Amino acid sequence: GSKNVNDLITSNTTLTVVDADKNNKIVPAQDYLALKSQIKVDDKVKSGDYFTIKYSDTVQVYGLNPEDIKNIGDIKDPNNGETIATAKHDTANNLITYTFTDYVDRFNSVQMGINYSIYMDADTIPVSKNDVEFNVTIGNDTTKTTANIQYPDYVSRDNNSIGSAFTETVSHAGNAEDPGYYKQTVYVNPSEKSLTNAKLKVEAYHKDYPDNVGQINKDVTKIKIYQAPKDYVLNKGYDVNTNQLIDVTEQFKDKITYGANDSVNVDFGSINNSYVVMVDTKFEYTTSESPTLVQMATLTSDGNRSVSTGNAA
Amino acid sequence: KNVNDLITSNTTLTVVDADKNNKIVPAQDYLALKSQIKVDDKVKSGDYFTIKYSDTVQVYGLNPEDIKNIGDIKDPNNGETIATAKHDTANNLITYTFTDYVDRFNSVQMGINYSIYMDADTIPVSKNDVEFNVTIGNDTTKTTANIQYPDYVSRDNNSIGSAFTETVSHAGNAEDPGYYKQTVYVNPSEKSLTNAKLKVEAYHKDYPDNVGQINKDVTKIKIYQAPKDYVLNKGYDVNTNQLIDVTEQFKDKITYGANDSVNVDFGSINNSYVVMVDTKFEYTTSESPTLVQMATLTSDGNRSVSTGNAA
Ligand SMILES: [Ca+2]
């Protein structure tokens, strides 16, 4: 436990929006931010001293897996493999703290490189917006960039509309005791149409993916359903504030039916509101470090063609 | 004008086990709907009421033209039409529009006595307590049945199943005698077959008056491959979107032969396949013609397995 030495570091930093699929649309789910910095450390800095990296509310350091927050870890000298500083995260407070090792007592003119991929946090970005700012502060020095966030349209066909995203995916490769879990959120009727005989079918099945490690059944699957008030603006990044919505789950205990081929059905009957369905379920066993996962959601209603959305890993 | 609020009914919805086994199956059994409906005097000509039904119910079986059989409601005493019927099967709806019968008569009441059917689309496997319901005006009648599909047919490592899915004959029509479809499940047990071949034949020695027909001019075949462990709909109501269309892969594997036969060479397989056969009826004069079409799977090191369907 030594001193905060943010004052004793300087840096040369870029923060760049990467259009990962190069489609001229910046979307938190698909695209990311590249943080690159060369940091110089004053010779006065000593073992046990620490510096911080902070980041804006529009930045997070993990994606779908809140375990992977370590390709952001200890800083090492690539010429000798020695650790220069050890990393500890406080993601809840948008903070990383690096504590210098004995390296800074032994070496003078200490320099460190970081090359991180970090992500856009949709919490404060509920709709498409121009010039949204993302920033990182290394020591006391802040680097900013901006992007025009353009979320894709919901999937619509006639009067049916739907949207979906995985929100959390943690697969444990080769672990038989706990292969892991994943969560999917489905927005039903975001267009707020009056529908009759509306039904949602969620399925962890697709003919292009026999490799699928998704799973849906009465045994491992948990569902919650929320009703949004009329004209409520749903977060397009699927970052849901469930406390602003009405938990209507108990009203659906007799409207949820499991079916063949990893299917589940939800009978909505006559609706004119938007609904948020959150599906929590367990992965199958895999040895893959990057397993195939596909889960589909389809809304049908009377007088309309069906509409389908899905998400894949 | 919608007068569902002005109709009152006493209704029964009954499962009839029509082949007198002890099992209820969409392909062999049906639903008897019976109702006496009362109509308030305030109802006038041009007013209408509706009958709806669950997604587990359809109003025709093998022949979609049989929606004709659920028609206008008539007074059996004088033969006058009380209401005219229009179907919207896509929306599980029947609409009945009152004639001026309701202007000339008071204390109007109507009877319906319909045979309707179980829709296998949402019933892919044996399940207990499956609900079927019909709504007359605003009143719903529910009944429940335990669906128990039969086993696929098996001998050694060969397995097969088949069903007619649509049968439309037009008696006395020579421009358009009609068509019928049969779906065959090949290898539903997912075994490893070598030199696997399917023979489908509109031929049975015992039915010389068969109106079935299989040849290159009239027959069309589609073939789908199911992924490993896929659960096929036991009612032969298949979702082709969930299967891989491999019809093109078989363009040179399908050969027609004598006595209304067609052969499909599958070679070495370990998946289940769905074969859809669309073909034309022979000209007939009967409203209840004889149709028989057999399906036989063969493979090396196994004895043949045969099944088929007949009307
Ligand atoms: Ca029966």
# chains A, B, ... in the order shown; residues from 1 in each chain; ligands from 1
call {"tool": "residues_near_ligand", "arguments": {"ligand": "ligand 1", "cutoff": "9 Å", "atoms": "only C-alpha atoms and all ligand atoms", "output": "PyMOL selection string"}}
result
chain B and resi 16-30+148
call {"tool": "interface_residues", "arguments": {"of": "chain A", "to": "chain B", "cutoff": "8 Å", "atoms": "only C-alpha atoms", "output": "PDB file with N, CA, C and O atoms, in the first residue's frame"}}
result
ATOM      1  N   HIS A 206     -31.280 -24.329 -35.001  1.00  0.00           N
ATOM      2  CA  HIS A 206     -31.178 -23.805 -36.352  1.00  0.00           C
ATOM      3  C   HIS A 206     -30.488 -24.821 -37.252  1.00  0.00           C
ATOM      4  O   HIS A 206     -29.456 -25.389 -36.879  1.00  0.00           O
ATOM      5  N   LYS A 207     -31.024 -25.024 -38.450  1.00  0.00           N
ATOM      6  CA  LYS A 207     -30.477 -26.047 -39.353  1.00  0.00           C
ATOM      7  C   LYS A 207     -29.040 -25.772 -39.834  1.00  0.00           C
ATOM      8  O   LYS A 207     -28.338 -26.690 -40.268  1.00  0.00           O
ATOM      9  N   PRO A 210     -25.652 -27.447 -36.434  1.00  0.00           N
ATOM     10  CA  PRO A 210     -25.806 -28.684 -35.657  1.00  0.00           C
ATOM     11  C   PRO A 210     -24.887 -28.694 -34.445  1.00  0.00           C
ATOM     12  O   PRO A 210     -25.138 -29.424 -33.484  1.00  0.00           O
ATOM     13  N   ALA A 260     -40.857 -29.494 -28.720  1.00  0.00           N
ATOM     14  CA  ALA A 260     -39.782 -30.307 -29.262  1.00  0.00           C
ATOM     15  C   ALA A 260     -38.669 -29.448 -29.833  1.00  0.00           C
ATOM     16  O   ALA A 260     -38.872 -28.272 -30.142  1.00  0.00           O
ATOM     17  N   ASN A 261     -37.493 -30.057 -29.961  1.00  0.00           N
ATOM     18  CA  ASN A 261     -36.334 -29.434 -30.585  1.00  0.00           C
ATOM     19  C   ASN A 261     -35.954 -28.113 -29.926  1.00  0.00           C
ATOM     20  O   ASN A 261     -35.761 -27.100 -30.599  1.00  0.00           O
ATOM     21  N   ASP A 302     -52.552 -13.121 -35.473  1.00  0.00           N
ATOM     22  CA  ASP A 302     -53.575 -13.290 -36.501  1.00  0.00           C
ATOM     23  C   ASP A 302     -53.551 -12.128 -37.478  1.00  0.00           C
ATOM     24  O   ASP A 302     -53.444 -10.965 -37.074  1.00  0.00           O
ATOM     25  N   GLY A 303     -53.650 -12.444 -38.765  1.00  0.00           N
ATOM     26  CA  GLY A 303     -53.761 -11.421 -39.789  1.00  0.00           C
ATOM     27  C   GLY A 303     -52.418 -10.871 -40.229  1.00  0.00           C
ATOM     28  O   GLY A 303     -52.355  -9.934 -41.032  1.00  0.00           O
TER      29      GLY A 303
END
call {"tool": "residues_around", "arguments": {"residues": "stretch 282-285 of chain B", "least_positions_apart": "3", "cutoff": "12 Å", "atoms": "only C-alpha atoms", "output": "count of residues only"}}
result
28
call {"tool": "residues_around", "arguments": {"residues": "residue A:274", "least_positions_apart": "4", "cutoff": "6 Å", "atoms": "only C-alpha atoms", "output": "VMD selection string"}}
result
chain A and resid 188 to 190 192 228
call {"tool": "write_last_selection", "arguments": {"atoms": "N, CA and C atoms", "output": "mmCIF file, in the first residue's frame"}}
result
data_model
loop_
_atom_site.group_PDB
_atom_site.id
_atom_site.type_symbol
_atom_site.label_atom_id
_atom_site.label_comp_id
_atom_site.auth_asym_id
_atom_site.auth_seq_id
_atom_site.Cartn_x
_atom_site.Cartn_y
_atom_site.Cartn_z
ATOM 1 N N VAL A 188 -40.873 -7.924 -27.510
ATOM 2 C CA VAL A 188 -42.052 -8.333 -28.268
ATOM 3 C C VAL A 188 -42.922 -7.120 -28.567
ATOM 4 N N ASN A 189 -43.349 -6.979 -29.820
ATOM 5 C CA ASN A 189 -44.205 -5.861 -30.229
ATOM 6 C C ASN A 189 -43.650 -4.462 -29.880
ATOM 7 N N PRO A 190 -42.368 -4.174 -30.202
ATOM 8 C CA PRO A 190 -41.877 -2.835 -29.847
ATOM 9 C C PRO A 190 -42.614 -1.709 -30.569
ATOM 10 N N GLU A 192 -45.735 -1.471 -30.745
ATOM 11 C CA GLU A 192 -46.949 -1.198 -29.964
ATOM 12 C C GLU A 192 -48.234 -1.253 -30.792
ATOM 13 N N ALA A 228 -44.130 -3.194 -20.762
ATOM 14 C CA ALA A 228 -43.767 -1.771 -20.793
ATOM 15 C C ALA A 228 -45.010 -0.917 -20.946
#
call {"tool": "residues_around", "arguments": {"residues": "residue A:48", "least_positions_apart": "4", "cutoff": "9 Å", "atoms": "only C-alpha atoms", "output": "VMD selection string"}}
result
chain A and resid 1 to 3 85 99 to 102
call {"tool": "residues_around", "arguments": {"residues": "residue B:7", "least_positions_apart": "2", "cutoff": "12 Å", "atoms": "only C-alpha atoms", "output": "PyMOL selection string"}}
result
chain B and resi 2-5+9-10+35-43+47-51+96+107-110+135-139
call {"tool": "atom_distance", "arguments": {"atom1": "atom CA of residue B:253", "atom2": "atom CA of residue B:216"}}
result
13.3 Å
call {"tool": "select_by_dssp", "arguments": {"residues": "stretch 60-281 of chain B", "states": "strand (DSSP E or B)", "output": "JSON, numbers by chain"}}
result
{"B": [73, 74, 81, 82, 83, 84, 85, 86, 87, 88, 93, 94, 95, 96, 97, 98, 108, 109, 110, 111, 112, 113, 114, 115, 116, 117, 118, 127, 128, 129, 130, 131, 132, 133, 134, 135, 136, 139, 140, 141, 142, 143, 144, 145, 146, 147, 153, 154, 155, 158, 159, 160, 161, 162, 163, 164, 165, 166, 167, 168, 169, 178, 179, 180, 181, 182, 183, 184, 185, 186, 193, 194, 195, 196, 197, 198, 199, 200, 201, 220, 221, 222, 223, 224, 225, 244, 245, 254, 255, 256, 257, 261, 262, 263, 264, 265, 266, 267, 268, 269, 273, 274, 275, 276, 277, 278, 279, 280]}
call {"tool": "closest_residue", "arguments": {"among": "A:47, A:36, A:133, A:22", "to": "residue A:115", "atoms": "only C-alpha atoms"}}
result
A:36
call {"tool": "closest_residue", "arguments": {"among": "A:126, A:113, A:139, A:28", "to": "residue A:4", "atoms": "only C-alpha atoms"}}
result
A:139
call {"tool": "residues_around", "arguments": {"residues": "residue A:88", "least_positions_apart": "6", "cutoff": "9 Å", "atoms": "only C-alpha atoms", "output": "CSV table (one decimal) with N, CA and C atoms, in the first residue's frame"}}
result
chain,number,residue,atom,x,y,z
A,73,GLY,N,-5.1,-7.1,-18.0
A,73,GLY,CA,-4.5,-7.6,-16.8
A,73,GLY,C,-3.2,-7.0,-16.5
A,74,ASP,N,-2.3,-7.8,-15.9
A,74,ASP,CA,-1.0,-7.2,-15.5
A,74,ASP,C,-0.2,-6.6,-16.7
A,95,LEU,N,-13.2,1.6,-13.0
A,95,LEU,CA,-11.9,1.8,-12.5
A,95,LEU,C,-11.0,0.6,-12.7
A,96,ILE,N,-9.7,0.8,-13.1
A,96,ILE,CA,-8.7,-0.2,-13.0
A,96,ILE,C,-7.5,0.4,-12.2
A,97,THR,N,-6.9,-0.4,-11.3
A,97,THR,CA,-5.8,0.1,-10.5
A,97,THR,C,-4.6,-0.8,-10.7
A,98,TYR,N,-3.5,-0.2,-11.1
A,98,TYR,CA,-2.3,-0.9,-11.4
A,98,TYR,C,-1.2,-0.7,-10.3
A,99,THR,N,-0.7,-1.7,-9.7
A,99,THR,CA,0.2,-1.6,-8.6
A,99,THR,C,1.6,-2.0,-9.0
call {"tool": "closest_residue", "arguments": {"among": "A:241, A:23, A:281, A:171", "to": "residue A:222", "atoms": "only C-alpha atoms"}}
result
A:281
